[PDB]
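**Student:** This is the structure I have questions about; it appears just below.
Positions of Cβ are generated from backbone atoms using ideal geometry, with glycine treated the same way; all protein chains shown enter the neighbour counts. Readers should treat all values here as calculations from the given coordinates under stated rules, not as data from a laboratory.
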Amino acid sequence: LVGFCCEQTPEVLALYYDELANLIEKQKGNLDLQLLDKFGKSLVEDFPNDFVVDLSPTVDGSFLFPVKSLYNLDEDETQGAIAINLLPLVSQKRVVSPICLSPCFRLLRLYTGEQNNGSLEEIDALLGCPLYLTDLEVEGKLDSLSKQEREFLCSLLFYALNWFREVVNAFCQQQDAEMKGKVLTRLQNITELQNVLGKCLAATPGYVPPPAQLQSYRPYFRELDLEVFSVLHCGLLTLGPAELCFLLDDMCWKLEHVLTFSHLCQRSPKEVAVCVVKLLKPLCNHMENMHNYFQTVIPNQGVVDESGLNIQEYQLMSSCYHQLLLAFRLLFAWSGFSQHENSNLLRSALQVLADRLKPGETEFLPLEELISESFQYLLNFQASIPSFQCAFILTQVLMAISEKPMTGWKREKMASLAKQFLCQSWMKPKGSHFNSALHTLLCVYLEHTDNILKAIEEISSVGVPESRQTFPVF
């Protein structure tokens, strides 16, 4: 009927390839490889000939850009079964790349995966081979690329971007520990790619290659699979201080949209939260400790001013913290946690707060016991954080481990937390977006503190001093 339309528009071609992704991976073990004939083996040789270029040294043709193994992290051996490159694999010529390298990349994923029943080594070296895009060391090294010499280089950028994100969504499931460490190398490559790509995209505006720098690669790009967590919550193979707080804003937006991008939340809330909170929790949990013990425990950029850990690693521990706070403010107890099944899964969920504090934390029936148990190390973390945007998640987080009532050791604790964080620094790692944290904080302290009319007496102490730009918030 409409396979002519896939010769009329490649949009519908990849869209069939990726609707086939959806119809292939969904009932992953019901729709059958024996039935897998129509699209089934329809593009094995249509996948190689799709983008698998010839793994050989010369790059002959025309472009703004001379081809290379640019990012071609071809970790494998010398027999060149690789080189499937977005230069000749799809774009140079007019267009083949912005359909299937995302779409039939996913297609080849599902097909090669459930074809031999989980043995995903068939498509394997396609990720160990270097998908050499154009040269990529200099970014504006031609700062006159005439929106195709540079804008086409950047659409090639977006192609390498979708290719990376999809390649990692492919690889990160299984881990033969060098394919696994390989995919870790891939996520590193994706971090560097996205950095340089947003640099070039910051060059000249208007570059959305819509095949699937904050959001303009975020909705218009690849699929943050919940498999992805199974790589990065796997204990931090340092990931990095950027490949945790850049490739972990994925899991941020996932919690902040699916549990308060239609691949990952095609599953449902309790169908999902049993991964994105409980299962991947202590792995993610381990990173939390390491982001204090260096970030504030021996918090060497706290007074030492080693700007590498201050302007490079600084926002790195920053990301790790604040993103860990979205894992509590949005993830730690949310607008449907208080339920029947949400309730029981939470009682089996934060009940892994043996490691939220020191060991022996899961020996108790009391839900108030665990509530104050994740209390017990929780405000103990209270001394580390960088910012009031990063601290005001501890009001949100601790109230999330509580909130039926206030109790002894909670109104007490919460008074302590609100008062300290009120008293602390807003020292530069200013406001206009901390005013929201200020409203949240003030109305947090002035509800835990026991003597209400007294707190205004403290406000008379504070008017004796005159932050005097945030005076309206107070």
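**Student:** What are the residues in the range 320-352 that are closer than 24 Å to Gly240 by Cα and either among the charged types (D, E, K, R) or part of a helix (DSSP H, G or I) (or both), if any?
**Tutor:** Across the range 320-352, the qualifying residues are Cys320, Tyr321, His322, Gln323, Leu324, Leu325, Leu326, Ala327, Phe328, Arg329.
**Student:** Exactly one of these conditions fails for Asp18: (1) out of contact with any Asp or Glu (no Cβ under 9 Å at 6 or more places or on another chain); (2) among the charged types (D, E, K, R); (3) farther than 21 Å from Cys172 by Cβ. Give me its number.
**Tutor:** Evaluating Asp18 over (1) out of contact with any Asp or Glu (no Cβ under 9 Å at 6 or more places or on another chain); (2) among the charged types (D, E, K, R); (3) farther than 21 Å from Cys172 by Cβ leaves (3) as the failure.
**Student:** Spot the failing condition for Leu370; the list is (1) assigned to a helix (DSSP H, G or I); (2) more than 30 Å from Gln424 (Cα to Cα); (3) aliphatic (A, V, I, L, M), and only one is missed.
**Tutor:** Evaluating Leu370 over (1) assigned to a helix (DSSP H, G or I); (2) more than 30 Å from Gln424 (Cα to Cα); (3) aliphatic (A, V, I, L, M) leaves (2) as the failure.
**Student:** Looking only at the range 234-243, decide whether some residue is of a type in the set (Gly, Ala, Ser), surrounded by 19 or more Cβ atoms within 10 Å (Cβ to Cβ) and farther than 21 Å from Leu131 by Cα.
**Tutor:** There is at least one residue in the range 234-243 that is of a type in the set (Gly, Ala, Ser), surrounded by 19 or more Cβ atoms within 10 Å (Cβ to Cβ) and farther than 21 Å from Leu131 by Cα.
**Student:** Here's a follow-up. I need a count of the residues in the range 51-106 that are at negative phi, among the small types (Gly, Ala, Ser) and surrounded by 21 or more Cβ atoms within 10 Å (Cβ to Cβ).
**Tutor:** 3
**Student:** Among the residues of the range 121-135, which ones are buried (at least 16 other Cβ atoms within 10 Å of the Cβ), over 13 Å from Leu86 (Cα atoms) and more than 24 Å from the chain's Cα centre (by Cα)?
**Tutor:** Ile123, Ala125
**Student:** State all residues of the range 368-386 that are in contact with a helix residue (DSSP H, G or I) (Cβ under 6 Å, 6 or more places away or on another chain) and over 23 Å from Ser318 (Cα atoms); if no residue qualifies, say none.
**Tutor:** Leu370
**Student:** Regarding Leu110, is this residue touching a helix residue (DSSP H, G or I) at 6+ places or on another chain (Cβ under 7 Å) and either farther than 23 Å from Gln194 by Cα or surrounded by fewer than 13 Cβ atoms within 10 Å (Cβ to Cβ) (or both)?
**Tutor:** yes
**Student:** Going by the conditions given, is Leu197 surrounded by 16 or more Cβ atoms within 10 Å (Cβ to Cβ) and either hydroxyl-bearing (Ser, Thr, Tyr) or part of a loop (DSSP other than H, G, I, E, B) (or both)?
**Tutor:** no
**Student:** Now for a different question. Give me the residue from the range 16-50 that is polar (S, T, N, Q) and assigned to a loop (DSSP other than H, G, I, E, B) and, out of that set, farthest from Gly118 (Cα to Cα).
**Tutor:** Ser42
**Student:** Looking only at residues in the range 55-81 that are aliphatic (A, V, I, L, M) and under 28 Å from the mean Cα position of the chain (by Cα), which one is farthest from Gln194 (Cα to Cα)?
**Tutor:** So the first thing to find is which residues in the range 55-81 are aliphatic (A, V, I, L, M), and the list is 55, 59, 64, 67, 70, 73, 81.
Filter once more, keeping what is under 28 Å from the mean Cα position of the chain (by Cα): 70, 73.
Working: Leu70: 14, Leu73: 16 Å.
Out of the qualifying residues, it is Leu73.
**Student:** Residue check: is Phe261 buried (at least 21 other Cβ atoms within 10 Å of the Cβ), in contact with a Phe, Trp or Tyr (Cβ under 8 Å, 6 or more places away or on another chain) and of a type outside the set (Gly, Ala, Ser)?
**Tutor:** no
**Student:** Picking from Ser461, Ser467, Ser436, which residue would you name as being hydroxyl-bearing (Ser, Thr, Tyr) and not in a helix (DSSP H, G or I)?
**Tutor:** On the way: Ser461 fails: not in a helix (DSSP H, G or I); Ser436 fails: not in a helix (DSSP H, G or I).
Result of the check over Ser461, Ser467, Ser436: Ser467.
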